[PDB]
Every structure is written in C-alpha cells, then in structure tokens.
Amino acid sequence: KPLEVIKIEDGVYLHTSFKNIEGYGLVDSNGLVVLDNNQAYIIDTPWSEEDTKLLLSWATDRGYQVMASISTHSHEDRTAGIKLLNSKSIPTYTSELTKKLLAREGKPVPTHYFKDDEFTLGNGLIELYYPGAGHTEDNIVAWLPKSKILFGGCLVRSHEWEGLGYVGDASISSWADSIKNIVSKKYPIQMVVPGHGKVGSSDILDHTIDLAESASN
C-alpha cells in the first residue's frame, strides 16, 4: 500500500511507509515533512524509492519546494530515498557518522553532512541533536521548536511496544543514557514521534529508558 501523509500540527505532517510481509501483514515506518511558507523539509525519507517519489509529488503538487532532507540514521527505513532526492538535485543531509556508515556499506550518500553534535536546518525550523548510541551508534533526534514536537526516530519506542525491537546494531547499555541526554535538553515536548508506531507524549522517553534498562539486565 502507498505512502500515507497526515497532518499532526500546523506545518507538520507525518509520512508513513508500508511493507507487506507475506504470512504476517503490514509493517510501517514514519518520518515527517515540515512546511514553512513555500518550503518543505523532509525528516527521514520514506522506506522506498517509489514512496519517496510520492512524497515529493505530495509537496510539489501543493506548491512547495523541497529544500532538504535529513536522515536520522543509516538504516534503509531512514535513507532509502537519498539516491532519488540526489537525482532531483534536492540537498540531502545526515551526520558525518551516518554518511560514513552509508559509504562504508556502499550505499548512496548524502550531499551534505554536519560534524558537530548539533545542527539546524531551515533557519531554526529543525534543530538536530546527537544524544549518543542507542538503537544504532549514529541515531540523532530532531526538535521542532514551533510545534514542540520531538522526532525521536528509531531511538525511541512507542507505547505499542514492550521491547526495544531490532538490536543487531544497538548499544543497549548506552541507550538509557542517550535518552537521558535528550531529557537534559529540557525541550518543552508536546508530542514525540517514533520511527515505528504511533505518536505519543513526552512519556515515550520514560518508556524507552525503562525498556533499555531492563534489556541491559
């Protein structure tokens, strides 16, 4: 089934990609599109090239210019559309580490990267922060100061889940600390968006800390 895009705040839309697993059912993956006058910014590509093309059409059919994407770690559900965005001359961004992990895997790389633990896109529309290893070594989060939404990506676990999920690339013993570094920013969080599953409140941070500590033991 195709990409779904639904409004979750003024100028903020959740995009969800799906894969249909024979014998199991549909699984899904979230990112955001953030709108500012006539400019759009994508936080995580959709999960496939085809879905990324649908996301671009969504924006441009509405008269927006897609200014940039940012991918919040190197896995395919965050980065599948980088190649397409690059082919359309849309700036793609990741952290330096994420870029280097993609390059090391022989995957298309973003055309731009940032070196520090913090970076901003869209002149403060989106504030990126690397809190430490968790779901992966390179996972970053995005804070949207206007809408008070934290896109936690795959580092955070929605309440629908009673486990950490895939941990093949995880640093389980650092994960709780990395969430605590997010808490220490004292963002006035109204909503937290996960990489997989339903939008929640700031309590998703506590839920994740607890899943992390349990797994550590």
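A residue's number is simply how far along the shown sequence it sits, counting from 1.
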Once average C-alpha B-factors are taken from the entry for 38-46 and 175-183, the winner is 175-183
Do the C-alpha atoms of 114-122 or of 88-96 have the higher average B factor in the entry?
114-122
Can you work out whether the C-alpha temperature factor of residue 190 puts it in the lowest, middle or highest third of the chain?
middle
If you rank every modelled residue in this chain by C-alpha B factor, which third holds residue 76: lowest, middle or highest?
lowest
Lowest, middle or highest third: which one holds residue 105 when the chain's residues are ordered by CA B-factor from the entry?
highest
Assigned third (lowest, middle, highest) for the C-alpha B factor of residue 170:
middle
Comparing against every modelled residue in the chain, figure out the third that the C-alpha B-factor of residue 65 lands in (lowest, middle or highest).
middle
